[PDB]
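Novice: I have a structure I would like to understand better, so I am pasting it below and will then ask my questions one at a time.
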Amino acid sequence: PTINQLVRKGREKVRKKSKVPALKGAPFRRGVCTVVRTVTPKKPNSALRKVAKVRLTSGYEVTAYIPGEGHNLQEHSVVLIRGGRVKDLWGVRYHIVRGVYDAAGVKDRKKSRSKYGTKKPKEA
Amino acid sequence: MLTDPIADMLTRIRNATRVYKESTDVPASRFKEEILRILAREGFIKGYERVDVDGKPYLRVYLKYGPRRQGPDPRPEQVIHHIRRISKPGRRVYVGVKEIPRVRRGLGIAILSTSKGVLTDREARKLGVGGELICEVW
RNA sequence: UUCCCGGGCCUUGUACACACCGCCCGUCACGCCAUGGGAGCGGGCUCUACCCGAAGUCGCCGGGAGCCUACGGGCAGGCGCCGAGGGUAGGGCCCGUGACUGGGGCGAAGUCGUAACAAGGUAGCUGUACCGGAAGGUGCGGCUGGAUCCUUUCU
RNA sequence: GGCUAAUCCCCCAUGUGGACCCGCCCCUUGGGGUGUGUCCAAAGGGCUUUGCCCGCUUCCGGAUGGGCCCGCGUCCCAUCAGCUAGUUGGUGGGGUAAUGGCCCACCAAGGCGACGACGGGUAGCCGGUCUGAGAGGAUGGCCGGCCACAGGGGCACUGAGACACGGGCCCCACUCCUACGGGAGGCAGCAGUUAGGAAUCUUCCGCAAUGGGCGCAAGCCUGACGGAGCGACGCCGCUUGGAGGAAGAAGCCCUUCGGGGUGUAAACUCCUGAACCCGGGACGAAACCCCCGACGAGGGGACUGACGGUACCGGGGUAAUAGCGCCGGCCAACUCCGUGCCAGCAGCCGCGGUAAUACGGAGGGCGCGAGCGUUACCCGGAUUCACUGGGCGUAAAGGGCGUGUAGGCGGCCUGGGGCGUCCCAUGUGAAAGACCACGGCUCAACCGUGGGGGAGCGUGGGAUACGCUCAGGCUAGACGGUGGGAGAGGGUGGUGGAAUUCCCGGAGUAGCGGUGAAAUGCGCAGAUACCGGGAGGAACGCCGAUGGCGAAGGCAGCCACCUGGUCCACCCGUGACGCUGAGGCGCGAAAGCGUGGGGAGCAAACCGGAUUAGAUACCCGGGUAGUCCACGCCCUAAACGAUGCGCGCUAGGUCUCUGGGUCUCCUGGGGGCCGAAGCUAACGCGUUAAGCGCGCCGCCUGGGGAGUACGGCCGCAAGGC
Ligand SMILES: [Mg+2]
Ligand SMILES: [Mg+2]
Ligand SMILES: [Mg+2]
Ligand SMILES: [Mg+2]
Ligand SMILES: [Mg+2]
Ligand SMILES: [Mg+2]
Ligand SMILES: [Mg+2]
Ligand SMILES: [Mg+2]
Ligand SMILES: [Mg+2]
Ligand SMILES: [Mg+2]
Ligand SMILES: [Mg+2]
Ligand SMILES: [Mg+2]
Ligand SMILES: [Mg+2]
Ligand SMILES: [Mg+2]
Ligand SMILES: [Mg+2]
Ligand SMILES: [Mg+2]
Ligand SMILES: [Mg+2]
Ligand SMILES: [Mg+2]
Ligand SMILES: [Mg+2]
Ligand SMILES: [Mg+2]
Ligand SMILES: [Mg+2]
Ligand SMILES: [Mg+2]
Ligand SMILES: [Mg+2]
Ligand SMILES: [Mg+2]
Ligand SMILES: [Mg+2]
Ligand SMILES: [Mg+2]
Ligand SMILES: [Mg+2]
Ligand SMILES: [Mg+2]
Ligand SMILES: [Mg+2]
Ligand SMILES: [Mg+2]
Ligand SMILES: [Mg+2]
Ligand SMILES: [Mg+2]
Ligand SMILES: [Mg+2]
Ligand SMILES: [Mg+2]
Ligand SMILES: [Mg+2]
Ligand SMILES: [Mg+2]
Ligand SMILES: [Mg+2]
Ligand SMILES: [Mg+2]
Ligand SMILES: [Mg+2]
Ligand SMILES: [Mg+2]
Ligand SMILES: [Mg+2]
Ligand SMILES: [Mg+2]
Ligand SMILES: [Mg+2]
Ligand SMILES: [Mg+2]
Ligand SMILES: [Mg+2]
Ligand SMILES: [Mg+2]
Ligand SMILES: [Mg+2]
Ligand SMILES: [Mg+2]
Ligand SMILES: [Mg+2]
Ligand SMILES: [Mg+2]
Ligand SMILES: [Mg+2]
Ligand SMILES: [Mg+2]
Ligand SMILES: [Mg+2]
Ligand SMILES: [Mg+2]
Ligand SMILES: [Mg+2]
Ligand SMILES: [Mg+2]
Ligand SMILES: [Mg+2]
Ligand SMILES: [Mg+2]
Ligand SMILES: [Mg+2]
Ligand SMILES: [Mg+2]
Ligand SMILES: [Mg+2]
Ligand SMILES: [Mg+2]
Ligand SMILES: [Mg+2]
Ligand SMILES: [Mg+2]
Ligand SMILES: [Mg+2]
Ligand SMILES: [Mg+2]
Ligand SMILES: [Mg+2]
Ligand SMILES: [Mg+2]
Ligand SMILES: [Mg+2]
Ligand SMILES: [Mg+2]
Ligand SMILES: [Mg+2]
Ligand SMILES: [Mg+2]
Ligand SMILES: [Mg+2]
Ligand SMILES: [Mg+2]
Ligand SMILES: [Mg+2]
Ligand SMILES: [Mg+2]
Ligand SMILES: [Mg+2]
Ligand SMILES: [Mg+2]
Ligand SMILES: [Mg+2]
Ligand SMILES: [Mg+2]
Ligand SMILES: [Mg+2]
Ligand SMILES: [Mg+2]
Ligand SMILES: [Mg+2]
Ligand SMILES: [Mg+2]
Ligand SMILES: [Mg+2]
Ligand SMILES: [Mg+2]
Ligand SMILES: [Mg+2]
Ligand SMILES: [Mg+2]
Ligand SMILES: [Mg+2]
Ligand SMILES: [Mg+2]
Ligand SMILES: [Mg+2]
Ligand SMILES: [Mg+2]
Ligand SMILES: [Mg+2]
Ligand SMILES: [Mg+2]
Ligand SMILES: [Mg+2]
Ligand SMILES: [Mg+2]
Ligand SMILES: [Mg+2]
Ligand SMILES: [Mg+2]
Ligand SMILES: [Mg+2]
Ligand SMILES: [Mg+2]
Ligand SMILES: [Mg+2]
Ligand SMILES: [Mg+2]
Ligand SMILES: [Mg+2]
Ligand SMILES: [Mg+2]
Ligand SMILES: [Mg+2]
Ligand SMILES: [Mg+2]
Ligand SMILES: [Mg+2]
Ligand SMILES: [Mg+2]
Ligand SMILES: [Mg+2]
Ligand SMILES: [Mg+2]
Ligand SMILES: [Mg+2]
Ligand SMILES: [Mg+2]
Ligand SMILES: [Mg+2]
Ligand SMILES: [Mg+2]
Ligand SMILES: [Mg+2]
Ligand SMILES: [Mg+2]
Ligand SMILES: [Mg+2]
Ligand SMILES: [Mg+2]
Ligand SMILES: [Mg+2]
Ligand SMILES: [Mg+2]
Ligand SMILES: [Mg+2]
Ligand SMILES: [Mg+2]
Ligand SMILES: [Mg+2]
Ligand SMILES: [Mg+2]
Ligand SMILES: [Mg+2]
Ligand SMILES: [Mg+2]
Ligand SMILES: [Mg+2]
Ligand SMILES: [Mg+2]
Ligand SMILES: [Mg+2]
Ligand SMILES: [Mg+2]
Ligand SMILES: [Mg+2]
Ligand SMILES: [Mg+2]
Ligand SMILES: [Mg+2]
Ligand SMILES: [Mg+2]
Ligand SMILES: [Mg+2]
Ligand SMILES: [Mg+2]
Ligand SMILES: [Mg+2]
Ligand SMILES: [Mg+2]
Ligand SMILES: [Mg+2]
Ligand SMILES: [Mg+2]
Ligand SMILES: [Mg+2]
Ligand SMILES: [Mg+2]
Ligand SMILES: [Mg+2]
Ligand SMILES: [Mg+2]
Ligand SMILES: [Mg+2]
Ligand SMILES: [Mg+2]
Ligand SMILES: [Mg+2]
Ligand SMILES: [Mg+2]
Ligand SMILES: [Mg+2]
Ligand SMILES: [Mg+2]
Ligand SMILES: [Mg+2]
Ligand SMILES: [Mg+2]
Ligand SMILES: [Mg+2]
Ligand SMILES: [Mg+2]
Ligand SMILES: [Mg+2]
Ligand SMILES: [Mg+2]
Ligand SMILES: [Mg+2]
Ligand SMILES: [Mg+2]
Ligand SMILES: [Mg+2]
Ligand SMILES: [Mg+2]
Ligand SMILES: [Mg+2]
Ligand SMILES: [Mg+2]
Ligand SMILES: [Mg+2]
Ligand SMILES: [Mg+2]
Ligand SMILES: [Mg+2]
Ligand SMILES: [Mg+2]
Ligand SMILES: [Mg+2]
Ligand SMILES: [Mg+2]
Ligand SMILES: [Mg+2]
Ligand SMILES: [Mg+2]
Ligand SMILES: [Mg+2]
Ligand SMILES: [Mg+2]
Ligand SMILES: [Mg+2]
Ligand SMILES: [Mg+2]
Ligand SMILES: [Mg+2]
Ligand SMILES: [Mg+2]
Ligand SMILES: [Mg+2]
Ligand SMILES: [Mg+2]
Ligand SMILES: [Mg+2]
Ligand SMILES: [Mg+2]
Ligand SMILES: [Mg+2]
Ligand SMILES: [Mg+2]
Ligand SMILES: [Mg+2]
Ligand SMILES: [Mg+2]
Ligand SMILES: [Mg+2]
Ligand SMILES: [Mg+2]
Ligand SMILES: [Mg+2]
Ligand SMILES: [Mg+2]
Ligand SMILES: [Mg+2]
Ligand SMILES: [Mg+2]
Ligand SMILES: [Mg+2]
Ligand SMILES: [Mg+2]
Ligand SMILES: [Mg+2]
Ligand SMILES: [Mg+2]
Ligand SMILES: [Mg+2]
Ligand SMILES: [Mg+2]
Ligand SMILES: [Mg+2]
Ligand SMILES: [Mg+2]
Ligand SMILES: [Mg+2]
Ligand SMILES: [Mg+2]
Ligand SMILES: [Mg+2]
Ligand SMILES: [Mg+2]
Ligand SMILES: [Mg+2]
Ligand SMILES: [Mg+2]
Ligand SMILES: [Mg+2]
Ligand SMILES: [Mg+2]
Ligand SMILES: [Mg+2]
Ligand SMILES: [Mg+2]
Ligand SMILES: [Mg+2]
Ligand SMILES: [Mg+2]
Ligand SMILES: [Mg+2]
Ligand SMILES: [Mg+2]
Ligand SMILES: [Mg+2]
Ligand SMILES: [Mg+2]
Ligand SMILES: [Mg+2]
Ligand SMILES: [Mg+2]
Ligand SMILES: [Mg+2]
Ligand SMILES: [Mg+2]
Ligand SMILES: [Mg+2]
Ligand SMILES: [Mg+2]
């Protein structure tokens with residue numbers, strides 16, 4: 001562009017769209033489970049992935065992932081949405097935080113315990 | 001009409017030397033004379049003469065280069081390795097004294113036009129003035 | 001030595017590279033999903049014209065129609081302008097809901113063909129125009145980003 | 001309804017002075033002085049009572065705090081392009097501390113806008129903060145400055161000051177009281193409650209300090225404030241021990257079954273002594289006040305803590321919490337077992353379909369550590385909006401072409417101005433912060449004192465190279481004169497031969513045509529092949545090119561007219577008159593549209609004949625729109641050099657078109673091919689740049705969705721932008 005052209009038109013600052021409307025700019029939203037179901041993943045994999053339809057405090061209905069091995073969630077349980085999505089799944093944009101609300105943590109998990117929300121067991 | 005005469009000079013020099021021409025003519029202006037005189041004084045050209053081509057005034061710039069070299073490509077190290085415009089018409093650039101560039105870690109120069117005349121960055125600093133930053137050479 | 005099969009060397013086009021048993025286009029049906037458009041309703045804000053109009057300041061009256069009076073004036077009271085807001089009729093925006101819906105994703109590549117890539121088997125592409133289950137065909141004009149100098153699908 | 005005091009209200013006086021009309025003087029927007037005239041003052045109280053105090057009144061200054069006005073800076077969308085009726089000015093007036101359409105009356109017809117008005121969206125602004133090498137991006141909690149609000153909307157009253165958060169009026173919504181007439185509220189003060197939310201504290205102590213209001217004081221008030229409490233929210237300090245201790249226990253893990261590992265780690269020995277107990281125990285506090293002196297200066301005296309028995313000092317004294325992430329690559333850290341596209345992981349690349357360092361546990365290891373991770377968000381990396389610091393032949397990206405409007409840009413010399421530019425001085429740039437230094441809490445965090453720096457803007461002074469401006473010159477650019485050209489450049493008229501089709505006529509007869517093969521079709525009403533004649537429409541063979549012209553689209557027989565561009569020569573005239581160009585306007589192949597003509601050949605559609613599995617096709621026979629003309633629309637394109645225009649500069653070789661020249665050759669202007677330097681991702685480009693540079697315009701920012709939707713504007717439509 002000529003300089004004069006820059007003085008005329010300028011340069012366009014480019015905005016990014018949020019990968020997450022948990023709205024509020026909030027780190028988490030509380031919601032209620034609607035449907036708690038299983039889903040098959042995208043083309044390169046196969047599995048049965050565990051998900052919930054959640055109706056948020058934020059007005060939105062969204063599908064959230066339920067990480068870890070076991071889970072206790074069912075149609076009316078209230079849950080916490082933490083955001084971050086699931087790649088090989090269709091339209092799952094947020095994860096459920098385990099250990100919070102009616103989400104239990106993951107029973108018997110010894111390893112990365114704070115993800116999955118389980119307490120430190122005692123020893124003998 | 002050349003839109004920037006001064007650039008046209010600088011470039012005439014650029015292409016000239018990049019083919020190792022021994023001298024080159026540029027249409028004469030007193031200002032160009034000044035710029036030249038700075039280069040000459042600074043060891044960048046050999047010097048220049050006022051001259052006459054088809055009855056129109058030019059300044060003939062005599063160029064210098066390094067020795068011949070060995071291996072493939074014997075071609076000589078340029079003495080003006082780099083020469084470029086800074087102020088141009090349509091973006092004019094003026095530095096105050098504290099804003100006067102140092103060039104190539106001192107090994108180069110910048111030529112500024114000032115109300116004290118045309119001087120090298122060192123010259124201008126010692127004179128304690130700023131002005132229109134014409135070009136840098138190294 | 002044309003042809004069929006297998007093969008060697010040179011060259012050429014390629015969108016092929018698990019490499020032509022390669023690649024690949026479009027239409028259809030009923031699920032299910034998340035979008036986008038969207039008449040009609042419901043809420044809001046706004047603007048225009050008209051009508052109503054609190055409080056208050058200002059303006060006038062202030063009168064043998066009230067109070068004070070040193071008769072100079074004062075107060076009360078009244079009336080009017082403006083005026084928050086309200087009403088009627090309208091143009092605009094926004095939110096909600098929403099009949100009806102386009103294109104997409106997943107079913108499964110499922111279905112019909114074989115349109116493009118090798119001269120892709122009618123070189124392709126293109127603006128346009130008509131036409132056809134569908135990729136498409138055809139007319140006109142243009143482009144080279146075109147090979148070389150019977151028809152015969154798919155994997 | 002009645003009584004009554006005052007530092008409450010009024011009247012007469014005094015007029016230092018001040019205010020107002022008018023005149024003069026000085027000064028210059030309403031500043032200062034002066035003269036006559038009119039108008040305007042007061043309030044008492046206390047005493048250590050003949051003087052001193054706390055006050056009052058008028059005026060002039062000061063200080064401090066404000067009001068109003070101006071230059072400049074201050075987010076996004078032009079899919080917001082026009083907005084404007086007190087609107088723009090004038091006069092007179094109202095209003096105010098004061099200017100002002102601030103308000104009114106009358107007059108005029110203005111004011112604003114692509115330098116983005118109007119409209120929509122969002123938003124308190126700043127000192128600063130975060131990030132970044134910087135430039136820049138992001139931000140404005142806490143602290144300080146400014147503004148604005150005080151349930152929503154209006155309004156004024158009092159007052160030096162308000163249009164007033166704990167003042168007043170009204171309308172509205174809500175809560176509460178009510179005897180249904182009518183009333184009372186307003187935590188965005190401190191606490192606290194409730195709702196909402198992922199989430200944000202004690203209904204604490206104190207008036208001792210600093211500060212604020214009233215009071216002569218003593219004092220009173222002060223959820224300002226000084227403190228304490230809760231929260232790993234942040235930051236900083238510190239603990240969970242220190243030294244010794246095996247060729248190295250058990251356990252566990254690995255194992256080639258030899259051994260390797262956790263590891264001096266433990267056990268154990270010695271030592272120190274977080275916690276905790278005892279004793280002492282602050283600073284922050286000296287004023288106001290009292291006494292002498294004079295209620296001054298000065299000197300002396302007294303009282304006074306929330307924090308708190310806190311910090312701190314002394315003594316005593318116990319070996320005394322460790323956790324979280326990670327170990328496929330980016331990235332520091334590997335093995336066993338389990339699982340077998342499952343269960344699960346996942347930031348991207350991607351792991352899992354029986355030998356998984358990628359899932360899950362374990363052993364081991366790496367990293368941080370009272371934390372460690374995760375989510376969200378900002379800057380970063382991202383030179384991925386490129387000022388620094390990118391690009392557009394084929395990757396995204398040159399507008400289809402021109403004309404020129406605004407705007408950007410401007411050859412050589414001289415002089416004036418000194419606006420841009422640069423310099424010196426000065427003013428400002430508060431404090432806090434950032435920076436450096438010293439210092440104070442045992443360090444630090446935190447804090448204090450000092451110092452430095454600095455953009456910007458104001459004023460004064462100076463410089464004049466460059467940029468501008470004015471003046472005056474020049475001719476190297478540009479245009480003009482004359483002379484010599486070439487050309488399918490354009491518009492209008494005419495007109496020429498070849499061929500096709502049709503008609504007419506002759507002669508002639510059994511087929512012609514067409515294909516891979518055929519058929520449809522045409523032919524005995526006599527076709528095809530041949531001759532003559534007429535009609536008509538379209539297009540111009542050879543020349544013709546590897547050519548020329550044109551801005552592009554495009555432009556081909558000949559003639560005449562009308563007319564545009566352009567190259568060379570002479571070096572004659574003008575004297576910078578220049579380049580580019582958003583917008584506007586004009587042009588713009590084909591197809592398509594409208595009206596009217598025309599219609600020989602061709603030919604979408606269509607009608608048939610074949611081929612095929614089908615054949616809504618390719619092949620064959622027909623054939624309508626259309627193709628042609630006039631006029632008016634349409635505005636597209638592989639509108640391709642996929643390469644904007646102009647100028648200057650950088651080896652050559654060769655072929656060509658068109659000028660000039662002493663005509664091997666040279667010198668211009670176009671078209672081609674190889675190629676120096678150089679560029680380029682390569683391919684390639686290379687004096688016809690894709691090289692080196694300047695000016696200006698257009699455009700690009702991953703693919704799909706999509707040239708789509710919506711909006712607007714064009715268009716008769718189709719459709720275009
Ligand atoms: Mg897989
Ligand atoms: Mg339950
Ligand atoms: Mg993430
Ligand atoms: Mg893990
Ligand atoms: Mg400066
Ligand atoms: Mg063969
Ligand atoms: Mg051989
Ligand atoms: Mg060979
Ligand atoms: Mg080969
Ligand atoms: Mg095949
Ligand atoms: Mg709607
Ligand atoms: Mg609508
Ligand atoms: Mg009314
Ligand atoms: Mg008022
Ligand atoms: Mg009135
Ligand atoms: Mg009377
Ligand atoms: Mg009366
Ligand atoms: Mg009366
Ligand atoms: Mg009244
Ligand atoms: Mg009214
Ligand atoms: Mg109204
Ligand atoms: Mg898609
Ligand atoms: Mg579908
Ligand atoms: Mg398909
Ligand atoms: Mg085809
Ligand atoms: Mg094919
Ligand atoms: Mg083909
Ligand atoms: Mg075919
Ligand atoms: Mg064909
Ligand atoms: Mg067809
Ligand atoms: Mg076609
Ligand atoms: Mg064609
Ligand atoms: Mg392409
Ligand atoms: Mg091609
Ligand atoms: Mg060919
Ligand atoms: Mg075959
Ligand atoms: Mg198939
Ligand atoms: Mg009474
Ligand atoms: Mg009595
Ligand atoms: Mg009097
Ligand atoms: Mg007097
Ligand atoms: Mg006056
Ligand atoms: Mg008084
Ligand atoms: Mg009295
Ligand atoms: Mg002041
Ligand atoms: Mg009005
Ligand atoms: Mg008048
Ligand atoms: Mg006035
Ligand atoms: Mg008024
Ligand atoms: Mg007032
Ligand atoms: Mg009046
Ligand atoms: Mg009026
Ligand atoms: Mg302006
Ligand atoms: Mg708003
Ligand atoms: Mg706001
Ligand atoms: Mg903002
Ligand atoms: Mg940047
Ligand atoms: Mg900055
Ligand atoms: Mg800001
Ligand atoms: Mg706050
Ligand atoms: Mg606060
Ligand atoms: Mg503040
Ligand atoms: Mg308000
Ligand atoms: Mg409230
Ligand atoms: Mg309200
Ligand atoms: Mg209010
Ligand atoms: Mg007062
Ligand atoms: Mg207020
Ligand atoms: Mg209150
Ligand atoms: Mg108050
Ligand atoms: Mg009421
Ligand atoms: Mg009550
Ligand atoms: Mg209350
Ligand atoms: Mg009230
Ligand atoms: Mg509160
Ligand atoms: Mg709650
Ligand atoms: Mg607190
Ligand atoms: Mg208290
Ligand atoms: Mg106090
Ligand atoms: Mg005090
Ligand atoms: Mg006082
Ligand atoms: Mg006393
Ligand atoms: Mg008392
Ligand atoms: Mg009280
Ligand atoms: Mg406090
Ligand atoms: Mg907490
Ligand atoms: Mg906690
Ligand atoms: Mg710490
Ligand atoms: Mg020992
Ligand atoms: Mg020893
Ligand atoms: Mg050992
Ligand atoms: Mg052992
Ligand atoms: Mg063992
Ligand atoms: Mg062994
Ligand atoms: Mg062992
Ligand atoms: Mg030890
Ligand atoms: Mg021992
Ligand atoms: Mg001991
Ligand atoms: Mg103690
Ligand atoms: Mg003390
Ligand atoms: Mg003391
Ligand atoms: Mg006291
Ligand atoms: Mg005493
Ligand atoms: Mg005494
Ligand atoms: Mg005394
Ligand atoms: Mg004293
Ligand atoms: Mg004393
Ligand atoms: Mg105490
Ligand atoms: Mg005590
Ligand atoms: Mg002691
Ligand atoms: Mg001790
Ligand atoms: Mg121990
Ligand atoms: Mg020990
Ligand atoms: Mg550890
Ligand atoms: Mg790898
Ligand atoms: Mg790291
Ligand atoms: Mg590694
Ligand atoms: Mg399993
Ligand atoms: Mg196994
Ligand atoms: Mg395994
Ligand atoms: Mg495997
Ligand atoms: Mg493993
Ligand atoms: Mg991993
Ligand atoms: Mg693992
Ligand atoms: Mg471990
Ligand atoms: Mg560890
Ligand atoms: Mg953290
Ligand atoms: Mg943030
Ligand atoms: Mg970022
Ligand atoms: Mg950077
Ligand atoms: Mg980006
Ligand atoms: Mg880039
Ligand atoms: Mg740049
Ligand atoms: Mg780029
Ligand atoms: Mg370019
Ligand atoms: Mg090519
Ligand atoms: Mg391209
Ligand atoms: Mg072009
Ligand atoms: Mg032009
Ligand atoms: Mg101009
Ligand atoms: Mg000029
Ligand atoms: Mg000049
Ligand atoms: Mg100019
Ligand atoms: Mg001068
Ligand atoms: Mg100056
Ligand atoms: Mg000076
Ligand atoms: Mg200074
Ligand atoms: Mg200041
Ligand atoms: Mg300064
Ligand atoms: Mg400062
Ligand atoms: Mg500090
Ligand atoms: Mg610094
Ligand atoms: Mg220290
Ligand atoms: Mg600084
Ligand atoms: Mg600064
Ligand atoms: Mg000056
Ligand atoms: Mg001078
Ligand atoms: Mg002149
Ligand atoms: Mg002359
Ligand atoms: Mg002529
Ligand atoms: Mg001649
Ligand atoms: Mg012609
Ligand atoms: Mg002609
Ligand atoms: Mg005949
Ligand atoms: Mg006959
Ligand atoms: Mg027959
Ligand atoms: Mg026939
Ligand atoms: Mg027949
Ligand atoms: Mg027949
Ligand atoms: Mg017949
Ligand atoms: Mg017969
Ligand atoms: Mg007949
Ligand atoms: Mg016969
Ligand atoms: Mg004939
Ligand atoms: Mg005829
Ligand atoms: Mg005819
Ligand atoms: Mg004829
Ligand atoms: Mg013709
Ligand atoms: Mg040609
Ligand atoms: Mg063409
Ligand atoms: Mg002519
Ligand atoms: Mg001529
Ligand atoms: Mg001449
Ligand atoms: Mg002359
Ligand atoms: Mg000039
Ligand atoms: Mg234009
Ligand atoms: Mg015009
Ligand atoms: Mg056209
Ligand atoms: Mg046409
Ligand atoms: Mg037509
Ligand atoms: Mg007809
Ligand atoms: Mg057919
Ligand atoms: Mg077939
Ligand atoms: Mg079929
Ligand atoms: Mg058939
Ligand atoms: Mg045909
Ligand atoms: Mg026929
Ligand atoms: Mg035909
Ligand atoms: Mg028609
Ligand atoms: Mg039609
Ligand atoms: Mg040469
Ligand atoms: Mg000749
Ligand atoms: Mg040439
Ligand atoms: Mg080449
Ligand atoms: Mg080369
Ligand atoms: Mg380059
Ligand atoms: Mg190369
Ligand atoms: Mg040349
Ligand atoms: Mg040449
Ligand atoms: Mg060209
Ligand atoms: Mg060029
Ligand atoms: Mg290039
Ligand atoms: Mg980008
Ligand atoms: Mg995209
Ligand atoms: Mg389109
Ligand atoms: Mg729209
Ligand atoms: Mg539309
Ligand atoms: Mg338009
Ligand atoms: Mg229309
Ligand atoms: Mg179209």
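Every chain in the structure tokens has a letter given in the order shown (A, B, ...), and although residue numbers restart at 1 in each chain, ligands are simply numbered from 1 in the order shown.
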Using only C-alpha atoms (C1' of nucleotides), select each residue of chain A with any atom at most 10 Å away from an atom of chain C, and give the selection as a list in words.
Specialist: residues 42, 90 and 91 of chain A
Novice: Save out the residues we just selected, C-alpha atoms, as a short mmCIF file (atom, residue, chain, number, x, y, z; two decimals), in the first residue's frame.
Specialist:
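Saved result, selection-v4.cif, follows:
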```
data_model
loop_
_atom_site.label_atom_id
_atom_site.label_comp_id
_atom_site.auth_asym_id
_atom_site.auth_seq_id
_atom_site.Cartn_x
_atom_site.Cartn_y
_atom_site.Cartn_z
CA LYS A 42 -15.40 -38.94 14.38
CA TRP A 90 -19.35 -33.78 17.15
CA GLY A 91 -20.21 -30.47 18.72
#
```
Novice: Can you pull out the residues contacting residue 498 in chain D? Cut-off 12 Å, using only C-alpha atoms (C1' of nucleotides), and skip same-chain residues under 4 positions away; I want them as a ChimeraX atom specification.
Specialist: /D:539-542,557
Novice: Give me, as a list in words, the residues of chain A touching chain B, with the criterion being at most 10 Å (counting only C-alpha atoms).
Specialist: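 Every residue of chain A that passes the 10 Å test is in residues 2, 3 and 4 of chain A.
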Novice: So which residues touch residue 675 in chain D within 12 Å, counting only C-alpha atoms (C1' of nucleotides), skipping near sequence neighbours fewer than 6 positions away, as a PDB file with N, CA, C and O atoms (P, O5', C5', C4', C3', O3' and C1' of nucleotides), in the first residue's frame?
Specialist:
```
ATOM      1  P     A D 651      24.906  -1.438 -18.610  1.00  0.00           P
ATOM      2  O5'   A D 651      23.931  -2.045 -19.711  1.00  0.00           O
ATOM      3  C5'   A D 651      23.791  -3.444 -19.886  1.00  0.00           C
ATOM      4  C4'   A D 651      25.029  -4.050 -20.494  1.00  0.00           C
ATOM      5  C3'   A D 651      25.043  -4.263 -21.994  1.00  0.00           C
ATOM      6  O3'   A D 651      25.308  -3.087 -22.719  1.00  0.00           O
ATOM      7  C1'   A D 651      25.834  -6.192 -20.942  1.00  0.00           C
ATOM      8  P     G D 652      24.980  -3.047 -24.280  1.00  0.00           P
ATOM      9  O5'   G D 652      25.949  -4.126 -24.907  1.00  0.00           O
ATOM     10  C5'   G D 652      25.633  -4.687 -26.164  1.00  0.00           C
ATOM     11  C4'   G D 652      25.921  -6.161 -26.215  1.00  0.00           C
ATOM     12  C3'   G D 652      25.304  -6.865 -27.400  1.00  0.00           C
ATOM     13  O3'   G D 652      26.102  -6.738 -28.540  1.00  0.00           O
ATOM     14  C1'   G D 652      24.811  -8.073 -25.448  1.00  0.00           C
ATOM     15  P     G D 653      25.407  -6.542 -29.956  1.00  0.00           P
ATOM     16  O5'   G D 653      24.862  -7.990 -30.270  1.00  0.00           O
ATOM     17  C5'   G D 653      25.793  -9.047 -30.380  1.00  0.00           C
ATOM     18  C4'   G D 653      25.096 -10.362 -30.470  1.00  0.00           C
ATOM     19  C3'   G D 653      24.041 -10.444 -31.550  1.00  0.00           C
ATOM     20  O3'   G D 653      24.577 -10.621 -32.850  1.00  0.00           O
ATOM     21  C1'   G D 653      23.164 -11.296 -29.543  1.00  0.00           C
ATOM     22  P     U D 654      24.104  -9.673 -34.062  1.00  0.00           P
ATOM     23  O5'   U D 654      22.815 -10.449 -34.602  1.00  0.00           O
ATOM     24  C5'   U D 654      22.803 -11.866 -34.715  1.00  0.00           C
ATOM     25  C4'   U D 654      21.410 -12.446 -34.562  1.00  0.00           C
ATOM     26  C3'   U D 654      20.301 -11.856 -35.420  1.00  0.00           C
ATOM     27  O3'   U D 654      20.294 -12.302 -36.758  1.00  0.00           O
ATOM     28  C1'   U D 654      19.523 -12.091 -33.226  1.00  0.00           C
ATOM     29  P     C D 685      10.663 -16.700 -19.573  1.00  0.00           P
ATOM     30  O5'   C D 685      10.849 -15.341 -18.780  1.00  0.00           O
ATOM     31  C5'   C D 685       9.700 -14.704 -18.266  1.00  0.00           C
ATOM     32  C4'   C D 685      10.023 -13.476 -17.468  1.00  0.00           C
ATOM     33  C3'   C D 685      11.017 -12.502 -18.070  1.00  0.00           C
ATOM     34  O3'   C D 685      10.480 -11.712 -19.109  1.00  0.00           O
ATOM     35  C1'   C D 685      11.506 -12.807 -15.803  1.00  0.00           C
ATOM     36  P     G D 686      11.372 -11.357 -20.400  1.00  0.00           P
ATOM     37  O5'   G D 686      12.663 -10.678 -19.774  1.00  0.00           O
ATOM     38  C5'   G D 686      12.566  -9.388 -19.195  1.00  0.00           C
ATOM     39  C4'   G D 686      13.854  -8.961 -18.547  1.00  0.00           C
ATOM     40  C3'   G D 686      14.981  -8.674 -19.499  1.00  0.00           C
ATOM     41  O3'   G D 686      14.860  -7.389 -20.076  1.00  0.00           O
ATOM     42  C1'   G D 686      15.771 -10.007 -17.722  1.00  0.00           C
TER      43        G D 686
END
```
